[PDB]
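Peer 1: One structure, pasted below without further comment.
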Amino acid sequence: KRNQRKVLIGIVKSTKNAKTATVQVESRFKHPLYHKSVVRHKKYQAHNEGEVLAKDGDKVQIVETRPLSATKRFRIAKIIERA
Amino acid sequence: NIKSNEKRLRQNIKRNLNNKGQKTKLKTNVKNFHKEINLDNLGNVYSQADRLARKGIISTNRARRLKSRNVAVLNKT
Amino acid sequence: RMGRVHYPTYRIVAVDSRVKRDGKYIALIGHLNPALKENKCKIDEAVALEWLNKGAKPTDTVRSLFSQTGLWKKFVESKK
Amino acid sequence: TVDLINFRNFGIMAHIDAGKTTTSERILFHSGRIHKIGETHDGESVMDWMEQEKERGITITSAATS
Amino acid sequence: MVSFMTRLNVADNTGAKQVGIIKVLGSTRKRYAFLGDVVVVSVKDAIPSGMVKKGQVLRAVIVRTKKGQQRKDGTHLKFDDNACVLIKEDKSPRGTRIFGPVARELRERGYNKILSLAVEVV
RNA sequence: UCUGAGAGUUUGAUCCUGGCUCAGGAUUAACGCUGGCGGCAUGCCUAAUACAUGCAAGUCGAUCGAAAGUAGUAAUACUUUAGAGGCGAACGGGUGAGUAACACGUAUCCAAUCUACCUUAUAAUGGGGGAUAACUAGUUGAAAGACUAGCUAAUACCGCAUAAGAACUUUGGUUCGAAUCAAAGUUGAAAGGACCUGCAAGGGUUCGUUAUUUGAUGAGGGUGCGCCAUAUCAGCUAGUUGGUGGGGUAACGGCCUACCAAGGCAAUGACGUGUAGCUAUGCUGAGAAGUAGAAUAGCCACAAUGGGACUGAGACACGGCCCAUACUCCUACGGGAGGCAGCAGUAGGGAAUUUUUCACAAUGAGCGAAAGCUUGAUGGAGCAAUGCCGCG
């Protein structure tokens, strides 16, 4: 049962609902027209898996799984420490 | 027009009458289950669900799920 | 038959039961020029073994060129 | 089909108001009992339909009544 | 029993919604209209899908009325609406689906195309 | 190997920038001028406008009744299928209108999937029951037909018994919110063809029956990514956002319901308007790239219009149903019948596109053991210089 997991690193934007947090990611990628790397922005809502606490003011990794509810398919995996 | 379609049109109508008869039979059995819980009626409804998932009338996955829920709620004892 | 009109051509295509012609296929067996019949064609000789491994019985009409090839001689061990 | 001894091609000619509509229509009423005409067994007791002479003559445009 | 200069409804697919009587056909000073009496009307308001305009004078027979009248049977029939069936100086309409209840005391005066196209005859 | 040609135009003459035009091709191009032919491909871009006839899907008599008929004294040899039941009819066709997106294409997790007919191999095929199509009698009718009664066949369907393996549950061993392992609480499957052999009773060949696992095939969901324009579209949205309980669901999910909580997105262009089937690709250019989305292919989506449902693995279904809308047609005026964006074809529009054509010969799909059958799929010929190409 070796699963392949997709992990995305992001910075948490806010925590508005209980065990539900918004995390922001910015990715710099080549724009296919003018050869300059543009920065795109994504926001993603996630929930507490039950063993880690994603708090505002830290960088986290988010991993894919079954859809738990609307707009959420991702569990908080691991917060990597501050500066 | 078409001829075998009419044969197929009347063919499954009797099939559907019989199948809905047994489906509402299962419905009243699980309703008796809803009224009050026992081992015997749960076994009877499982035996009926075995036939119904055995035929194409009822999906096997749905029957497995419902029987899992029923055993989960009866194992509260 | 495809290709130039009045010049028949018939690629040996792959289909399990319900793939219409000129579409998706799992593997290309090879080609065939059905104008001069000598079974002159390039094949993998293993892709047919691929069908023989998991079913999807081959088309009943291309069977003769494989008889010339002799696929039974390497197929009789399917049920032993 | 069968011998031509029984098949017979006839014709009706009459002056106008010498019985074009009357002769033709009522003969069709008497004889036209089969799906080729079939007019009588669909219009025996219906309201009498005397279409306009121009309209009746354009609607009944035909060359074969067998 | 239809009042002079009065609006009414329609009972078939004609694109008409609210039409008003203008003059009633018949003898001079009849002053009342019974079932089957075709009348000159004028459309007050309707949806634009109709084949005629609003306000323009047009020609339609009446089908429904709450008053009714005693038919020869001896038992009286009533309604609760006043409706019309729109015709073209004949016994046939332009409409393809007739709606609502239609009486029977009109066959003697014609309009036999209405009864066959009627979903149900009362 | 790949790598870009100029010319003209404001001025008394003369220079900058700058537009415009030509020399190049390419088209699903009309129409002149017309014109010999061979192949070679193409031939509603336009009203998703409505439409006659033939074709567009049938098949199983080796599963059966049942009547009928050629030859038969009789038994019936044989025929044939209106019918039940079996499979398929959702695959195949064309359209591209609405769709601005998880439609498409790519990479993906499906620890949330399912897939009859095949795949390796396993488990069995015991019997029991009664309706009913068809047929017959009648009411109602030209037909339509409905409503009763009698007559049955079957792999149709409903119990009994029996379970290898399965589900369901409990204990015991496992992995970076799950999986495998021994034991057991619960429970359930059916049928007969065709032939051989055997006095028989059995046994065997093979279809199929019912079950299991490898698979693959097929469909579906999420995910990141890229995939129109518009600021004379500034804020927009409230099952909306979150979880719980319960329900539904091949299956995860406000998918749905109850309880409350209060957001969610946004100037990094949301929301709204025009507009578009998408993509691969076609054309052009030295390239970067720009135009278009012809034929052909893959995905999605539609199917006179809008909804709702059953069928079976599989559909909300060009020619399966119900209703409404709109239209047409028949009629005995009682009442019904019908769906060319299937092929041809018509009517109109339109400058602008054909055959009211042929063989299922090969191949594809469905049925069948097979005779083979069905196929406007497929392939031909018709018309057209419409384009490339040869040739008088």
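Don't worry about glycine lacking a Cβ; one is built from the backbone with ideal geometry, like all the others, and counts go over all protein chains shown. Just so it is clear, none of the values below were taken in a lab; they were calculated from the coordinates.
Peer 1: Can you give me the number of residues within the stretch B:33-59 that are surrounded by 13 or more Cβ atoms within 10 Å (Cβ to Cβ), assigned to a helix (DSSP H, G or I) and more than 6 Å from RNA strand F (Cβ to nearest atom)?
Peer 2: Looking only at that region, the number is 9.
Peer 1: Further question: Residue B:9 passes all but one of (1) surrounded by 11 or more Cβ atoms within 10 Å (Cβ to Cβ); (2) over 12 Å from the mean Cα position of the chain (by Cα); (3) near RNA strand F (Cβ under 7 Å from one of its atoms); which number fails?
Peer 2: Unmet for residue B:9, out of (1) surrounded by 11 or more Cβ atoms within 10 Å (Cβ to Cβ); (2) over 12 Å from the mean Cα position of the chain (by Cα); (3) near RNA strand F (Cβ under 7 Å from one of its atoms): (1).
Peer 1: Only one residue in D:21, D:40 is in contact with a helix residue (DSSP H, G or I) (Cβ under 6 Å, 6 or more places away or on another chain), surrounded by 10 or more Cβ atoms within 10 Å (Cβ to Cβ) and not basic (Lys, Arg). Which one?
Peer 2: Working: D:21 fails: in contact with a helix residue (DSSP H, G or I) (Cβ under 6 Å, 6 or more places away or on another chain).
Selected residue: D:40, the only one of D:21, D:40 that is in contact with a helix residue (DSSP H, G or I) (Cβ under 6 Å, 6 or more places away or on another chain), surrounded by 10 or more Cβ atoms within 10 Å (Cβ to Cβ) and not basic (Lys, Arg).
Peer 1: Could you count how many residues in the stretch E:14-67 are in a strand (DSSP E or B), of a type in the set (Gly, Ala, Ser) and in contact (Cβ under 8 Å) with a residue 40 or more places away in the chain?
Peer 2: Within the stretch E:14-67, the subset in a strand (DSSP E or B) is E:18-24, E:39-45, E:57-62.
Filter once more, keeping what is of a type in the set (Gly, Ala, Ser): E:20, E:42, E:60.
Going one step further and asking which of them are in contact (Cβ under 8 Å) with a residue 40 or more places away in the chain, we end up with E:60.
Here the count works out to 1.
Peer 1: On to the next question. Given the structure, is residue B:49 in contact with a helix residue (DSSP H, G or I) (Cβ under 7 Å, 6 or more places away or on another chain) and without any contact (Cβ under 8 Å) to a residue 60 or more places away in the chain? Can you show your working first?
Peer 2: On the way: in contact with a helix residue (DSSP H, G or I) (Cβ under 7 Å, 6 or more places away or on another chain): yes; without any contact (Cβ under 8 Å) to a residue 60 or more places away in the chain: yes.
Taking the combined requirement at face value, the residue satisfies it.
Peer 1: Just for the stretch C:54-74: of the residues that are touching a helix residue (DSSP H, G or I) at 6+ places or on another chain (Cβ under 9 Å), over 17 Å from residue C:11 (Cβ atoms) and part of a helix (DSSP H, G or I), which one is nearest to the other protein chains (Cβ to nearest Cβ)?
Peer 2: For the stretch C:54-74, the residue satisfying everything is C:74.
Peer 1: Output the residue which, of all residues in the stretch A:51-67 that are near RNA strand F (Cβ under 6 Å from one of its atoms) and exposed (fewer than 13 other Cβ atoms within 10 Å of the Cβ), is farthest from residue A:21 (Cα to Cα).
Peer 2: Pass one, the stretch A:51-67, residues near RNA strand F (Cβ under 6 Å from one of its atoms): A:51, A:64-67.
Okay, now just the ones that are also exposed (fewer than 13 other Cβ atoms within 10 Å of the Cβ), so A:51, A:66-67.
Values: A:51: 15, A:66: 17, A:67: 16 Å.
Only one residue tops the list, namely A:66.
Peer 1: Do we have residue C:32 as more than 9 Å from RNA strand F (Cβ to nearest atom) and either exposed (fewer than 12 other Cβ atoms within 10 Å of the Cβ) or part of a loop (DSSP other than H, G, I, E, B) (or both) here?
Peer 2: Numbers: more than 9 Å from RNA strand F (Cβ to nearest atom): yes; either exposed (fewer than 12 other Cβ atoms within 10 Å of the Cβ) or part of a loop (DSSP other than H, G, I, E, B) (or both): yes.
Judged against the criteria, residue C:32 is a match.
Peer 1: For the stretch C:1-58, what are the residues that are small (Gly, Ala, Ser) and closer than 17 Å to residue C:69 by Cβ?
Peer 2: Pass one, the stretch C:1-58, residues small (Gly, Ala, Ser): C:3, C:14, C:17, C:23, C:27, C:30, C:35, C:46, C:48, C:55-56.
Listed by number, the residues that qualify are C:14, C:27, C:30, C:46, C:48.
Peer 1: Ok, one more. For a quick check of your reading of the model, give me the residue pairs whose first member lies in the stretch A:1-27 and is without any contact (Cβ under 8 Å) to a residue 24 or more places away in the chain and among the charged types (D, E, K, R), whose second is loosely packed, with under 10 Cβ neighbours inside 10 Å and part of a strand (DSSP E or B), with beta-carbon atoms closer than 7 Å and at least 6 apart or on different chains.
Peer 2: A:26/A:39; A:26/A:41
Peer 1: Across the stretch E:97-118, which residue is surrounded by the most Cβ atoms within 10 Å (Cβ to Cβ) among those that are assigned to a helix (DSSP H, G or I) and within 13 Å of chain D (Cβ to nearest Cβ)? Lay out the reasoning, then the answer.
Peer 2: Here is the first cut: in the stretch E:97-118, the residues assigned to a helix (DSSP H, G or I) are E:107-109, E:112-117.
With within 13 Å of chain D (Cβ to nearest Cβ) added as a condition, the list becomes E:107, E:112-113, E:116.
Details: E:107: 13, E:112: 12, E:113: 15, E:116: 8.
Per the criteria, the residue is E:113.
Peer 1: Residue check: is residue B:14 surrounded by 10 or more Cβ atoms within 10 Å (Cβ to Cβ) and either within 6 Å of RNA strand F (Cβ to nearest atom) or assigned to a helix (DSSP H, G or I) (or both)? Outline the logic, then answer.
Peer 2: Details: surrounded by 10 or more Cβ atoms within 10 Å (Cβ to Cβ): no; either within 6 Å of RNA strand F (Cβ to nearest atom) or assigned to a helix (DSSP H, G or I) (or both): yes.
Considered against the rule, which asks whether it is surrounded by 10 or more Cβ atoms within 10 Å (Cβ to Cβ) and either within 6 Å of RNA strand F (Cβ to nearest atom) or assigned to a helix (DSSP H, G or I) (or both), residue B:14 comes out as no.
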